[PDB]
Amino acid sequence: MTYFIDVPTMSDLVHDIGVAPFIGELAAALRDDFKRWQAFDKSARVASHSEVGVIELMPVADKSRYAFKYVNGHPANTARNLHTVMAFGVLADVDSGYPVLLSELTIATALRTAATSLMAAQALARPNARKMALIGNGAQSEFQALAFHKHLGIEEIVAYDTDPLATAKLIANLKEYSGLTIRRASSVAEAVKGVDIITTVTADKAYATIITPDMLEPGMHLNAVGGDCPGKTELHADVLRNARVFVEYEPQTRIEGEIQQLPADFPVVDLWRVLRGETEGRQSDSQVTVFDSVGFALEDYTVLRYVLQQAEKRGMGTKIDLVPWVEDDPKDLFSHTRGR
Amino acid sequence: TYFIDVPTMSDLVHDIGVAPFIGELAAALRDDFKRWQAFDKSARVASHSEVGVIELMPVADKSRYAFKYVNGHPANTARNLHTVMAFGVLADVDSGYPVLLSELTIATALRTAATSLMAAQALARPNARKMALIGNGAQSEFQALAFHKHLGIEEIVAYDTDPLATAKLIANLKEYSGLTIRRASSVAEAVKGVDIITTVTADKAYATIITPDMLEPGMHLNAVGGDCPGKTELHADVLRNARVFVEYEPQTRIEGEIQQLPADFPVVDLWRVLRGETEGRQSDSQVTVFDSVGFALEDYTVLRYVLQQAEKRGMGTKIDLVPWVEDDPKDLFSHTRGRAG
Ligand SMILES: NC(=O)c1ccc[n+]([C@@H]2O[C@H](COP(=O)([O-])OP(=O)(O)OC[C@H]3O[C@@H](n4cnc5c(N)ncnc54)[C@H](O)[C@@H]3O)[C@@H](O)[C@H]2O)c1
Ligand SMILES: NC(=O)c1ccc[n+]([C@@H]2O[C@H](COP(=O)([O-])OP(=O)(O)OC[C@H]3O[C@@H](n4cnc5c(N)ncnc54)[C@H](O)[C@@H]3O)[C@@H](O)[C@H]2O)c1
Ligand code: NA
Ligand code: NA
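In structure tokens, the structure reads:
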């Protein structure tokens, strides 16, 4: 009983639920899981670096369920008509090790990342937010835009991308949402002027200063999503020093996040503690808050469980023979060598 | 992405033949072990539970990336489930694209037998002819055939606490008339006078399947069963009386039989033995121990082998695991409109 949800099936699932509800429901599910932070067997994801990218495995588990996601990060892929980010994952039973679900996670990753950013913003950004800058208008952009528009009251988005066609795509994809205005800016500095939230989702395997100190205004919240690997950043180190920085899983973020540019003792705040109301999140209206996001296995665990439950209710997905199921003699593996 | 499921792998292995599969794989493993320094190696990541473990085993070179998901639950057989279940992926390094998704439960038994064979060829006495096989479960038939067909073992003395397991082993290999397999009533009885002792028992605990009093000069121990911290088969003093060989030292220091010895206890890297940089067996009376726990490179090799074998037979099914080439790779949102939209 290993169920498989491929790309087109996930497409039908997301279409059925709706992108907005999917993100909203997922953010709520993520919030609850983050509150249960200490119940999970956590670890920094394993990364295998190459010349133009990275391939990583992201495991996590509690006492009953195990989950992991395979994911790559190759910014140069788009030049070859491939996605910068591709992923898939598995949800398994802890007491038997049996893989219950194998699922595409490329579409799901964009959804969980948007939901995670939304969850963090709901807890860290000023409640009156209405304008957001969206730097990087690629694969993640539409999801981030909708998450903030439908669930955080963002009515206006000022977008910028080195690739003008990417911005055109973003505007065209969301035009159907009349309550949301999205306009193209000629530069990052122009896009971020006067915004309440800055979301960065650029893809470039190198140290970059997308956001510089001069762009910061009192009360801003920075949703820094693009940088997510050692040697891959989007914020100038001083931007972090002028803000209260929040992270997912500190041990991993110290190596892959924006904070990799600062001393190992630079103070950061664990988001799960804020969500439990045990540690202060935003401390004032003038403060600048930064969500140093790199992605963490727990978020994939949440979306995998969500997808399994939602697909089950809709009778979606197909069964595959990935590993042996129950057998008369589980010690007779050799019998399988005689052919099906 | 192509997918090879359990029944397809069964047909594939059946067509290649278990012995040939193990032989060809051992040759391939030797080549990969020789270029050990070309791989980005790491100790597998394990998630421990009260009755088992779930692990991810990645490894990669400049061209290919591979990983295997595998569990280790000794109590599973009481629930008619396999103690070991696994599957893995072979991916392209420069794009991250997963080329092959494959069952690896059957393949794991084959690569483990091939690895044990490869080590034995370099560590056991060349005149070995009798082997003790402790643990007659899933791995046993594969280990038995690997040694019989490729290392001249003509007699195996088997023991398992479960008598039906031993009966299964004997019945499964009865067709190999050049191989004699007989049931012993205890481990001590089974290992008496053997040239090689292969242990593949499954018990999540510190076990002394083999004690020092059982050792005889010149024996080679293919210790395969223990493969996790707190899960061993050999008494620590058995190791003190031998030259010990490992796969990937950093990982084995944690999961192997040597976890019971000082961090400074000397061990020998198998790949270096194969390269001829250090000695395998040094004397006929020496006791050698291959402290085997399994390592990602072995799964990398079998995944490449399976892909090649399946490809020339046109076997495997295409699956939409991740997006492939598209007009606009930056438009992931288009996928939220349903497969029709
Ligand atoms: N934090 C997380 O959880 C998480 C999960 C999603 C993806 N990732 C990261 O998010 C980033 C974006 O992912 P994606 O799938 O949208 O990639 P993508 O390649 O589809 O889009 C990235 C966009 O950034 C633009 N860009 C690059 N450099 C720029 C610059 N200096 N200024 C303005 N625009 C620039 C590109 O032209 C491109 O359109 C990647 O770096 C990826 O690894 C992180
Ligand atoms: N080193 C490696 O690369 C590698 C790869 C294969 C599997 N593993 C390990 O190999 C072991 C066996 O795997 P399997 O698939 O054959 O499992 P299995 O459960 O099918 O068979 C194990 C057999 O051991 C027997 N056994 C348990 N305790 C015993 C004892 N004290 N004395 C004699 N027999 C005993 C059981 O009754 C059973 O028949 C497991 O512990 C597994 O984790 C290691
Ligand atoms: Na980031
Ligand atoms: Na072992």
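Chains A and B supply the protein sequences, listed in that same order.
Sequential numbering of the first sequence, starting at 1, is according to this note's numbering.
Sequential numbering of the second sequence, starting at 1001, is according to this note's numbering.
For every residue, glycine included, the Cβ atom is placed at its ideal position computed from N, Cα and C.
Near residue i, what residues of its chain come up, given a Cβ to Cβ distance below 7 Å and the 5 sequence neighbours on each side ignored?
i                : result
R80 of chain A   : none
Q1121 of chain B : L1151
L118 of chain A  : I23, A27, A147, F148, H151 and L152
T1252 of chain B : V1246, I1258, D1291 and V1293
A1086 of chain B : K1068, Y1069, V1070, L1104, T1105 and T1108
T78 of chain A   : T84
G1225 of chain B : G1135, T1199, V1200, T1201, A1202 and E1233
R273 of chain A  : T279
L275 of chain A  : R31, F34, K35 and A123
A1184 of chain B : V1157, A1158, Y1159 and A1190
Tell me which residues share the same chain as residue i and place their Cβ nearer than 8 Å to its Cβ, disregarding the 5 neighbours each side in the sequence.
i                       : result
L240 of chain A         : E258, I259, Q261, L262, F266, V290 and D292
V1051 of chain B        : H1073, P1074, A1075 and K1204
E1024 of chain B        : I1016 and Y1305
residue 1342 of chain B : Outside the displayed range of chain B (1001 to 1341) lies residue 1342 of chain B, so it cannot be described from this structure.
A120 of chain A         : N223, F246, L271, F291 and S293
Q283 of chain A         : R244
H15 of chain A          : none
Once the 5 residues before and after residue i are set aside, which same chain residues still bring their CB inside 6 Å of it?
i                : result
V54 of chain A   : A47, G73 and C229
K131 of chain A  : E156, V195 and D196
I1004 of chain B : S1102, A1310 and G1316
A44 of chain A   : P251 and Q252
Compare the C-beta of residue i with all C-beta atoms of chain A and state if any pair is closer than 8 Å.
i                       : result
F1067 of chain B        : yes
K1312 of chain B        : no
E1141 of chain B        : yes
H1220 of chain B        : no
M1131 of chain B        : no
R1064 of chain B        : no
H1335 of chain B        : yes
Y1248 of chain B        : no
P1329 of chain B        : yes
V1200 of chain B        : no
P1217 of chain B        : no
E1189 of chain B        : no
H1150 of chain B        : no
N1172 of chain B        : yes
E1326 of chain B        : yes
residue 1349 of chain B : This structure leaves residue 1349 of chain B out entirely; chain B is present only between 1001 and 1341.
Would you say residue i reaches chain B, if we count a Cβ-Cβ gap shorter than 8 Å as a contact?
i               : result
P8 of chain A   : yes
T106 of chain A : yes
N128 of chain A : no
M86 of chain A  : yes
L308 of chain A : no
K232 of chain A : no
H15 of chain A  : yes
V288 of chain A : no
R340 of chain A : yes
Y160 of chain A : no
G138 of chain A : yes
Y98 of chain A  : yes
Candidates the options: which alpha carbon is nearest residue i's?
i                : options                               : result
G1230 of chain B : B:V1293, B:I1106 and B:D1162          : B:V1293
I320 of chain A  : A:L102, A:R45 and A:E56               : A:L102
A1124 of chain B : B:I1153, B:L1173, B:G1338 and B:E1255 : B:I1153
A166 of chain A  : A:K193, A:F34, A:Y177 and A:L134      : A:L134
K313 of chain A  : A:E278, A:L13 and A:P8                : A:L13
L1307 of chain B : B:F1033, B:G1338 and B:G1088          : B:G1088
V1302 of chain B : B:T1161, B:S1042, B:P1007 and B:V1059 : B:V1059
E1298 of chain B : B:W1036, B:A1171 and B:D1327          : B:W1036
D285 of chain A  : A:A297, A:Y98 and A:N128              : A:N128
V158 of chain A  : A:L174, A:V192, A:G277 and A:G179     : A:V192
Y1097 of chain B : B:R1337, B:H1048, B:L1321 and B:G1178 : B:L1321
Check your reading: residues with Cβ closer than 7 Å to ligand 3 heavy atoms: These are the residues, in chain order, with a beta carbon less than 7 Å from any non-hydrogen atom of ligand 3: A:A224, A:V225, A:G226, A:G227, A:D228, A:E234, A:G257, A:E258, A:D292, A:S293 and A:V294.
Three-pair Cβ contact test at 8 Å for the segment 13-23 of chain A versus the segment 1326-1340 of chain B: With a cut-off of 8 Å, the segment 1326-1340 of chain B and the segment 13-23 of chain A count as touching, because enough Cβ pairs lie within range.
contact_flag[the segment 1207-1215 of chain B, the segment 1230-1247 of chain B] where n(CB pairs < 8 Å) is 3 or more: yes
Inter-stretch contact (C-beta, 8 Å, three-pair minimum) for the segment 1106-1115 of chain B and the segment 1135-1144 of chain B: yes
The segment 91-101 of chain A contacting the segment 57-69 of chain A, beta-carbon criterion three pairs below 8 Å: They touch, by the three-pair rule.
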